[PDB]
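Numbering (the deposited numbering), first residue to last: 1856 to 1970.
Just below is one structure, and these are the notes that go with it.
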């Protein structure tokens, strides 16, 4: 509360470390469904159904331009990429499997880097 603070966690490396995680996600072989925004002119249903589209290139631009106020808002956009994927794609599809694999990969890197 006022004049009552928990000990200050060192957050000075968060930017760099979120960048590294995102590089590793970008270079995974199963990243291909997630590298670029879904083309809303060419994919029927996407625009209406997915209220908040997100992809790796859009996270990379937000990160590089100081649009993430803290590491939680960064994790929320990465998870949004996978939650979108699950909303639109069957589990038993190449893209559906890609999303589950990438989510697992992300979550482990997140815990190992920060928890």
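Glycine included, C-beta positions come from ideal geometry on N, C-alpha and C.
Asked, Found
"Residue 1900 (DSSP reduced to helix, strand or coil)", "coil"
"Exposed unless 16 or more other CB atoms sit within 10 angstroms - verdict on residue 1925", "exposed"
"Neighbourhood of residue 1889 by C-beta, 6 Å cutoff - its chain only, sequence neighbours within 5 removed", "1910, 1911, 1936"
"Neighbourhood of residue 1933 by C-beta distance below 6 Å, restricted to the same chain and skipping five residues each side", "1961"
"CA nearest to the CA of residue 1898, picked from 1943, 1859, 1967", "1943"
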